[PDB]
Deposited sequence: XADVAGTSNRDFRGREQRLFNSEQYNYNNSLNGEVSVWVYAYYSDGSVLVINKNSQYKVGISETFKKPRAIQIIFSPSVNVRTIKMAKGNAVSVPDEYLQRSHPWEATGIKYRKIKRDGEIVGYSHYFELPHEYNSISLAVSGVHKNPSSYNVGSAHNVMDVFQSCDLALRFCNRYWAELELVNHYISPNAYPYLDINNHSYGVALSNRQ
């Protein structure tokens, strides 16, 4: 226990894990749209407290939604609409979302959860929105009298990124891996970096 360099390295990584999972940290969502030409569109949003994406897609063959490990899985919500942005046939009969958390698989590296994935192939246009709330183990209510304005400001402060990659290989090499992001490729292989209590 006299290897201070070893101890600092472990603490360096754990701190990252734990900061992300605190209420001071990010919650992140990615939407991946897969096209028949093998290219992939990603939209990412990163924000405090809660985060979401809402976009319309020209026919993808498939969609993968990934959240960061800092999401509360139980609060995940998805509105998947038709070509005119109606969630369920007609507005009059539409619940504005489905709570799809049960369908999310854990993306794991070395036994650690690096994210959560929901993947679905499709049978024109879809409108798709997805939302999740940052984990909060604690009693402190972020939407209190005292903190609600900070949540309002987080809506302004959320950062969006959107790009198209020509191939999943390009996505893995130039997007997922440089940025320490979680991912699940078509061969069901998990990508990500485990940090908690690790060197």
Taking the deposited sequence from residue 1, the uncovered stretches are 1-8, 132-134
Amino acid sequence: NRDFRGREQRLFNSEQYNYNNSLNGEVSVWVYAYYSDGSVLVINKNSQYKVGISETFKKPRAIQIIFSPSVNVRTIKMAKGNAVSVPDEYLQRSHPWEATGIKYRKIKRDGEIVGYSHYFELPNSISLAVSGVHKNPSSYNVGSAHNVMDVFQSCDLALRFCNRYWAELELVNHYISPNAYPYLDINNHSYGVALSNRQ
From here on, numbers count along this sequence of modelled residues.
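We call the rigid core the largest set of C-alpha positions that still match within 1.5 Å between the two forms.
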RMS over structures and residues, CA atoms, rigid core fit in 5 other deposited structures of this protein: 49-57 vs 161-169, larger is 49-57
Stretch farther from shown form by Cα RMS in 5 other deposited structures of this protein, picked from 24-32 and 40-48 after core fit, is 24-32
Fill in: Absent coordinates for residue 86 in a third or more of other compared entries
yes
Looking only at C-alpha temperature factors in the entry, 132-140 or 160-168, the higher average sits in 132-140
Stretch with higher mean Cα temperature factor, 55-63 vs 169-177, is 55-63
Among 100, 72, 117, 127, the highest C-alpha B-factor in the PDB entry belongs to 127
Highest CA B factor of 27, 151, 43, 145, as deposited, is found at 145
In terms of its chain's C-alpha B-factors, the third that includes residue 80 is the highest
So, residue 34's CA B-factor, relative to its chain, sits in which third? The middle
